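Participant: File name run.txt; file contents compact mmCIF, C-alpha atoms; full text below.
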```
# COMPACT_ATOMS: atom_id res chain seq x y z
CA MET K 1 -120.11 25.77 128.73
CA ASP K 2 -123.07 25.30 131.07
CA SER K 3 -125.07 22.29 132.06
CA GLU K 4 -127.85 23.64 129.88
CA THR K 5 -128.59 22.31 126.45
CA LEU K 6 -128.17 25.76 125.01
CA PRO K 7 -125.25 26.84 122.81
CA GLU K 8 -122.95 29.66 123.97
CA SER K 9 -124.41 31.83 121.19
CA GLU K 10 -126.39 33.98 123.64
CA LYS K 11 -123.36 34.51 125.79
CA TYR K 12 -120.84 36.38 123.79
CA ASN K 13 -119.78 39.84 124.38
CA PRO K 14 -119.82 41.68 121.01
CA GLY K 15 -117.30 44.37 121.92
CA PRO K 16 -114.27 42.35 123.14
CA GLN K 17 -114.79 39.52 120.69
CA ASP K 18 -115.00 41.94 117.81
CA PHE K 19 -111.90 43.69 119.11
CA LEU K 20 -110.10 40.35 118.68
CA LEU K 21 -111.87 39.59 115.40
CA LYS K 22 -110.53 42.85 113.95
CA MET K 23 -106.96 41.83 114.73
CA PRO K 24 -104.63 41.10 111.74
CA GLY K 25 -103.70 37.51 111.04
CA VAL K 26 -106.47 36.35 113.27
CA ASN K 27 -108.90 34.11 111.47
CA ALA K 28 -111.87 32.33 113.18
CA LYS K 29 -109.65 29.29 113.92
CA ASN K 30 -107.33 31.48 115.92
CA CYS K 31 -110.26 33.38 117.43
CA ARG K 32 -111.78 30.17 118.78
CA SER K 33 -108.47 29.00 120.20
CA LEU K 34 -108.09 32.38 121.84
CA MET K 35 -111.57 32.35 123.37
CA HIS K 36 -110.83 28.84 124.64
CA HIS K 37 -107.51 29.59 126.35
CA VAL K 38 -107.73 33.31 126.75
CA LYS K 39 -110.34 35.34 128.57
CA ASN K 40 -109.84 38.69 126.85
CA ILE K 41 -107.59 40.68 124.50
CA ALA K 42 -105.74 41.93 127.63
CA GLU K 43 -104.36 38.39 128.27
CA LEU K 44 -103.57 38.22 124.60
CA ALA K 45 -101.57 41.42 124.57
CA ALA K 46 -99.85 40.28 127.76
CA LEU K 47 -98.83 37.04 126.07
CA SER K 48 -95.49 36.38 124.68
CA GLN K 49 -94.95 35.36 121.02
CA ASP K 50 -94.53 31.67 121.91
CA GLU K 51 -97.64 31.70 124.10
CA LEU K 52 -99.88 33.20 121.47
CA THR K 53 -98.21 31.05 118.82
CA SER K 54 -99.13 27.88 120.73
CA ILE K 55 -102.72 29.03 121.05
CA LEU K 56 -103.04 30.22 117.43
CA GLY K 57 -101.26 27.17 116.11
CA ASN K 58 -99.61 29.19 113.37
CA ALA K 59 -96.29 30.96 113.70
CA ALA K 60 -97.01 33.35 110.83
CA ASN K 61 -100.46 34.32 112.15
CA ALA K 62 -98.95 34.81 115.55
CA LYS K 63 -96.30 37.16 114.18
CA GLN K 64 -98.96 39.35 112.54
CA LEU K 65 -100.96 39.56 115.67
CA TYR K 66 -98.05 39.97 118.12
CA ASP K 67 -96.23 42.57 116.04
CA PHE K 68 -99.41 44.56 115.54
CA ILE K 69 -100.06 44.77 119.24
CA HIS K 70 -96.56 46.05 119.77
CA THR K 71 -96.37 48.36 116.81
CA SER K 72 -97.92 51.53 115.55
CA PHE K 73 -98.99 52.88 112.22
CA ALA K 74 -96.80 55.90 113.16
CA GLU K 75 -93.71 53.73 112.62
CA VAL K 76 -94.66 52.95 109.21
CA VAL K 77 -96.07 56.34 108.20
CA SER K 78 -92.82 58.01 109.20
CA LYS K 79 -89.75 56.20 110.40
CA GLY K 80 -87.64 58.70 112.27
CA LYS K 81 -86.45 56.59 115.15
CA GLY K 82 -86.68 52.92 115.94
CA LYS K 83 -84.53 49.84 115.59
CA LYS K 84 -87.07 48.43 113.28
CA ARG U 1 -92.67 63.66 88.52
CA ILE U 2 -92.13 63.10 92.23
CA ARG U 3 -89.42 60.70 93.18
CA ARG U 4 -91.36 58.75 95.70
CA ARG U 5 -93.60 55.65 95.24
CA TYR U 6 -90.94 54.31 93.01
CA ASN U 7 -89.64 51.40 94.99
CA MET U 8 -91.36 48.26 96.19
CA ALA U 9 -90.62 49.60 99.66
CA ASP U 10 -93.17 52.38 99.06
CA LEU U 11 -95.85 49.83 98.38
CA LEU U 12 -94.87 47.76 101.42
CA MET U 13 -94.87 50.93 103.54
CA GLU U 14 -98.16 52.32 102.23
CA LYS U 15 -100.13 49.13 102.55
CA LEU U 16 -98.62 48.24 105.93
CA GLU U 17 -99.34 51.64 107.49
CA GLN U 18 -102.80 51.67 105.91
CA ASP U 19 -103.63 48.22 107.18
CA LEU U 20 -102.15 49.01 110.58
CA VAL U 21 -104.16 52.13 111.07
CA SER U 22 -107.23 50.41 109.68
CA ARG U 23 -107.00 47.52 112.21
CA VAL U 24 -106.28 49.92 115.07
CA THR U 25 -109.17 52.19 114.08
CA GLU U 26 -111.51 49.20 113.66
CA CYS U 27 -110.45 47.58 116.90
CA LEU U 28 -111.34 50.59 118.97
CA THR U 29 -114.46 51.02 116.79
CA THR U 30 -115.82 47.68 118.04
CA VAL U 31 -117.23 49.52 121.02
CA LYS U 32 -120.82 50.61 120.30
CA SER U 33 -120.16 53.77 122.30
CA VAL U 34 -117.18 54.58 120.13
CA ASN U 35 -117.70 56.16 116.75
CA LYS U 36 -115.20 56.11 113.91
CA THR U 37 -113.78 59.55 114.75
CA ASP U 38 -113.59 58.47 118.35
CA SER U 39 -111.20 55.71 117.35
CA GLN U 40 -109.28 58.36 115.39
CA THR U 41 -108.91 60.33 118.59
CA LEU U 42 -107.40 57.30 120.37
CA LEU U 43 -105.07 57.02 117.41
CA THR U 44 -103.77 60.56 117.66
CA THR U 45 -103.23 60.10 121.39
CA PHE U 46 -101.67 56.59 121.55
CA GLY U 47 -101.66 55.35 117.91
CA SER U 48 -100.91 51.83 119.10
CA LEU U 49 -102.87 48.94 120.55
CA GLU U 50 -100.49 48.20 123.43
CA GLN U 51 -100.71 51.83 124.45
CA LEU U 52 -104.52 51.62 124.41
CA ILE U 53 -104.82 48.51 126.53
CA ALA U 54 -102.04 49.70 128.85
CA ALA U 55 -104.00 52.89 129.25
CA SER U 56 -106.52 53.03 131.99
CA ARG U 57 -109.97 54.63 131.86
CA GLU U 58 -108.43 57.78 133.20
CA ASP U 59 -105.84 57.76 130.40
CA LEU U 60 -108.50 57.13 127.82
CA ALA U 61 -110.48 60.02 129.39
CA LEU U 62 -107.29 62.09 129.29
CA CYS U 63 -107.44 61.85 125.53
CA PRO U 64 -108.41 65.26 124.03
CA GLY U 65 -112.18 65.89 124.37
CA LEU U 66 -112.97 62.33 123.47
CA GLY U 67 -115.06 60.79 126.15
CA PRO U 68 -114.66 59.82 129.78
CA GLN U 69 -117.64 57.50 129.32
CA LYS U 70 -116.04 56.17 126.14
CA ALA U 71 -113.03 55.29 128.29
CA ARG U 72 -115.33 53.32 130.60
CA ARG U 73 -116.71 51.45 127.61
CA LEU U 74 -113.25 50.84 126.08
CA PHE U 75 -111.79 49.54 129.36
CA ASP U 76 -114.79 47.26 129.70
CA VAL U 77 -114.34 45.63 126.29
CA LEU U 78 -110.61 45.42 126.91
CA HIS U 79 -111.01 43.41 130.10
CA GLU U 80 -114.24 41.53 129.47
CA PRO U 81 -114.23 37.92 128.19
CA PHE U 82 -115.31 37.10 124.64
CA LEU U 83 -117.72 34.53 126.02
CA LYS U 84 -119.02 37.47 128.17
CA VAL U 85 -119.36 35.06 131.00
CA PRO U 86 -116.43 34.04 133.23
CA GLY U 87 -115.96 30.62 134.79
CA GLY U 88 -116.07 32.19 138.19
CA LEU U 89 -115.09 35.58 139.51
CA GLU U 90 -116.51 35.79 142.99
CA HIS U 91 -119.00 33.02 142.47
CA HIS U 92 -117.96 29.96 140.62
CA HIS U 93 -120.15 29.09 137.73
CA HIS U 94 -120.42 25.83 135.82
CA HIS U 95 -116.83 26.34 134.44
CA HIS U 96 -117.70 24.36 131.33
```
Transcribe the structure of this file into structure tokens.
Facilitator:
Amino acid sequence: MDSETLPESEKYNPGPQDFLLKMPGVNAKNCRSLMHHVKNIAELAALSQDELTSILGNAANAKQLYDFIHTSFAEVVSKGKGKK
Amino acid sequence: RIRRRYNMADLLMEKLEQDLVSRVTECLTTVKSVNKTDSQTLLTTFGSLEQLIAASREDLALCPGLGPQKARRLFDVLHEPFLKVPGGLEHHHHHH
């Protein structure tokens, strides 16, 4: 995080960070871990449960996040087909 | 009077779907170029996060009268780092 004496505060991209900050189960702890190991939400969504679980540190949090990425509100609003 | 919203399942369902759609709407809403109804439009087209991120700019522009430029903005936030700055794409930066 640069050889400057400046904090990273100036260098954050509002859009993608917020995208991650709006994710369920993802508290700031998890967010920081993610911005440390992961570049962007794309890596995140490409990650497997175990991967994201190791980064998040919490199995429960990881489930919320992972499942969300792979689910839809449509499922829950009307379950017509689906194994879950 | 109506035999619905009677089980605990109804509550689980209602709050889950509500929270789901809320997070999905909000997530797409994080783009300054995207308005709240814009996110709604991505919801009627893909209704899922995986489907959004797996969608390219052209797919996001395919979405009914929503915004080809919005697609450009969405794709950008989807593939841009949170720190905004990379360690090195074509030119290697300080890494730390």
Participant: Given 8 Å of margin on each side, can you work out the centre and size in Å (one decimal) of an axis-aligned box holding every listed atom of region 13-25 of chain K, as AutoDock Vina command-line options?
Facilitator:
```
--center_x -111.8 --center_y 40.9 --center_z 117.7 --size_x 32.1 --size_y 22.9 --size_z 29.3
```
Participant: At what distance in Å, to one decimal, does CA of residue 44 (chain K) lie from CA of residue 31 (chain U)?
Facilitator: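 CA of residue 44 (chain K) lies at a distance of 18.1 Å from CA of residue 31 (chain U).
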Participant: Rounded to one decimal, what separation in Å do you get between CA of residue 80 (chain U) and CA of residue 38 (chain K)?
Facilitator: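 Computing the Euclidean distance for CA of residue 80 (chain U) and CA of residue 38 (chain K) yields 10.8 Å.
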Participant: Contacts between region 47-64 of chain K and region 9-68 of chain U, please, where a residue of region 9-68 of chain U counts if it comes within 12 Å (with only C-alpha atoms); show its shortest atom pair and distance in Å to one decimal, rows by chain and ascending number, as a Markdown table.
Facilitator:
```
| residue | atom | partner | partner_atom | distance |
| --- | --- | --- | --- | --- |
| U:16 | CA | K:64 | CA | 11.1 |
| U:19 | CA | K:64 | CA | 11.4 |
| U:20 | CA | K:64 | CA | 10.4 |
| U:23 | CA | K:64 | CA | 11.5 |
| U:50 | CA | K:47 | CA | 11.6 |
```
Participant: Chain K near chain U within 10 Å: what's each residue's closest atom pair and its distance in Å to one decimal, counting all atoms listed in the file, ordered by chain then ascending residue number, as a tab-separated table?
Facilitator:
```
residue	atom	partner	partner_atom	distance
K:1	CA	U:96	CA	3.8
K:2	CA	U:96	CA	5.5
K:3	CA	U:94	CA	6.9
K:4	CA	U:94	CA	9.8
K:8	CA	U:83	CA	7.4
K:9	CA	U:83	CA	8.7
K:10	CA	U:83	CA	9.0
K:11	CA	U:83	CA	5.6
K:12	CA	U:83	CA	4.3
K:13	CA	U:84	CA	4.5
K:14	CA	U:82	CA	7.4
K:15	CA	U:31	CA	5.2
K:16	CA	U:77	CA	4.5
K:17	CA	U:82	CA	4.7
K:18	CA	U:30	CA	5.8
K:19	CA	U:27	CA	4.7
K:20	CA	U:27	CA	7.5
K:21	CA	U:27	CA	8.3
K:22	CA	U:27	CA	5.6
K:23	CA	U:23	CA	6.2
K:24	CA	U:23	CA	6.9
K:31	CA	U:82	CA	9.6
K:32	CA	U:82	CA	9.7
K:34	CA	U:82	CA	9.1
K:35	CA	U:82	CA	6.2
K:36	CA	U:83	CA	9.0
K:38	CA	U:81	CA	8.1
K:39	CA	U:81	CA	4.7
K:40	CA	U:81	CA	4.7
K:41	CA	U:78	CA	6.1
K:42	CA	U:79	CA	6.0
K:43	CA	U:79	CA	8.5
K:45	CA	U:50	CA	7.0
K:46	CA	U:50	CA	9.0
K:68	CA	U:20	CA	7.2
K:69	CA	U:49	CA	5.2
K:70	CA	U:50	CA	5.8
K:71	CA	U:48	CA	6.2
K:72	CA	U:48	CA	4.7
K:73	CA	U:17	CA	4.9
K:74	CA	U:47	CA	6.8
K:75	CA	U:17	CA	7.9
K:76	CA	U:17	CA	5.2
K:77	CA	U:17	CA	5.8
K:78	CA	U:17	CA	9.3
```
Participant: In Å to one decimal, how far is CA of residue 84 (chain K) from CA of residue 6 (chain U)?
Facilitator: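 Atom-to-atom, CA of residue 6 (chain U) to CA of residue 84 (chain K), that is 21.5 Å.
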Participant: Can you pull out every residue within 8 Å of residue 41 (chain U), counting all atoms listed in the file, but drop anything in the same chain fewer than 5 positions away, and send it as a VMD selection string?
Facilitator: chain U and resid 63 to 64 66
Participant: Missing atoms in region 30-50 of chain K need filling: write out N, CA and C atoms for it as a PDB file, in the coordinates of the input.
Facilitator:
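Result file follows (rebuild36.pdb):
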```
ATOM      1  N   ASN K  30    -108.152  30.811 114.935  1.00  0.00           N
ATOM      2  CA  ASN K  30    -107.330  31.480 115.920  1.00  0.00           C
ATOM      3  C   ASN K  30    -108.203  32.127 116.978  1.00  0.00           C
ATOM      4  N   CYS K  31    -109.299  32.738 116.534  1.00  0.00           N
ATOM      5  CA  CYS K  31    -110.260  33.380 117.430  1.00  0.00           C
ATOM      6  C   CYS K  31    -110.835  32.371 118.418  1.00  0.00           C
ATOM      7  N   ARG K  32    -111.186  31.179 117.929  1.00  0.00           N
ATOM      8  CA  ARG K  32    -111.780  30.170 118.780  1.00  0.00           C
ATOM      9  C   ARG K  32    -110.761  29.667 119.796  1.00  0.00           C
ATOM     10  N   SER K  33    -109.543  29.431 119.343  1.00  0.00           N
ATOM     11  CA  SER K  33    -108.470  29.000 120.200  1.00  0.00           C
ATOM     12  C   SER K  33    -108.242  30.044 121.310  1.00  0.00           C
ATOM     13  N   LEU K  34    -108.249  31.305 120.919  1.00  0.00           N
ATOM     14  CA  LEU K  34    -108.090  32.380 121.840  1.00  0.00           C
ATOM     15  C   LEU K  34    -109.216  32.471 122.845  1.00  0.00           C
ATOM     16  N   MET K  35    -110.443  32.270 122.427  1.00  0.00           N
ATOM     17  CA  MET K  35    -111.570  32.350 123.370  1.00  0.00           C
ATOM     18  C   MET K  35    -111.648  31.086 124.249  1.00  0.00           C
ATOM     19  N   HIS K  36    -110.908  30.064 123.868  1.00  0.00           N
ATOM     20  CA  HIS K  36    -110.830  28.840 124.640  1.00  0.00           C
ATOM     21  C   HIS K  36    -109.778  28.938 125.736  1.00  0.00           C
ATOM     22  N   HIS K  37    -108.641  29.515 125.410  1.00  0.00           N
ATOM     23  CA  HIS K  37    -107.510  29.590 126.350  1.00  0.00           C
ATOM     24  C   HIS K  37    -107.416  30.941 127.022  1.00  0.00           C
ATOM     25  N   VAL K  38    -107.829  31.941 126.322  1.00  0.00           N
ATOM     26  CA  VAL K  38    -107.730  33.310 126.750  1.00  0.00           C
ATOM     27  C   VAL K  38    -109.103  33.900 127.082  1.00  0.00           C
ATOM     28  N   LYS K  39    -109.146  34.661 128.144  1.00  0.00           N
ATOM     29  CA  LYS K  39    -110.340  35.340 128.570  1.00  0.00           C
ATOM     30  C   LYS K  39    -110.642  36.540 127.673  1.00  0.00           C
ATOM     31  N   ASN K  40    -109.643  37.383 127.485  1.00  0.00           N
ATOM     32  CA  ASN K  40    -109.840  38.690 126.850  1.00  0.00           C
ATOM     33  C   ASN K  40    -108.576  39.138 126.167  1.00  0.00           C
ATOM     34  N   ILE K  41    -108.712  40.108 125.262  1.00  0.00           N
ATOM     35  CA  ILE K  41    -107.590  40.680 124.500  1.00  0.00           C
ATOM     36  C   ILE K  41    -106.439  41.155 125.412  1.00  0.00           C
ATOM     37  N   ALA K  42    -106.760  41.535 126.655  1.00  0.00           N
ATOM     38  CA  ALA K  42    -105.740  41.930 127.630  1.00  0.00           C
ATOM     39  C   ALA K  42    -104.744  40.797 127.895  1.00  0.00           C
ATOM     40  N   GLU K  43    -105.248  39.554 128.044  1.00  0.00           N
ATOM     41  CA  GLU K  43    -104.360  38.390 128.270  1.00  0.00           C
ATOM     42  C   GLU K  43    -103.511  38.215 127.048  1.00  0.00           C
ATOM     43  N   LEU K  44    -104.171  38.333 125.912  1.00  0.00           N
ATOM     44  CA  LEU K  44    -103.570  38.220 124.600  1.00  0.00           C
ATOM     45  C   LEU K  44    -102.379  39.161 124.449  1.00  0.00           C
ATOM     46  N   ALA K  45    -102.609  40.419 124.726  1.00  0.00           N
ATOM     47  CA  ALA K  45    -101.570  41.420 124.570  1.00  0.00           C
ATOM     48  C   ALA K  45    -100.475  41.269 125.644  1.00  0.00           C
ATOM     49  N   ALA K  46    -100.795  40.551 126.703  1.00  0.00           N
ATOM     50  CA  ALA K  46     -99.850  40.280 127.760  1.00  0.00           C
ATOM     51  C   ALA K  46     -99.030  39.035 127.436  1.00  0.00           C
ATOM     52  N   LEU K  47     -99.485  38.273 126.461  1.00  0.00           N
ATOM     53  CA  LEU K  47     -98.830  37.040 126.070  1.00  0.00           C
ATOM     54  C   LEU K  47     -97.595  37.274 125.268  1.00  0.00           C
ATOM     55  N   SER K  48     -96.700  36.350 125.394  1.00  0.00           N
ATOM     56  CA  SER K  48     -95.490  36.380 124.680  1.00  0.00           C
ATOM     57  C   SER K  48     -95.735  35.721 123.323  1.00  0.00           C
ATOM     58  N   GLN K  49     -94.820  35.918 122.378  1.00  0.00           N
ATOM     59  CA  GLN K  49     -94.950  35.360 121.020  1.00  0.00           C
ATOM     60  C   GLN K  49     -95.216  33.865 121.085  1.00  0.00           C
ATOM     61  N   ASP K  50     -94.395  33.134 121.812  1.00  0.00           N
ATOM     62  CA  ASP K  50     -94.530  31.670 121.910  1.00  0.00           C
ATOM     63  C   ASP K  50     -95.877  31.256 122.465  1.00  0.00           C
TER      64      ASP K  50
END
```
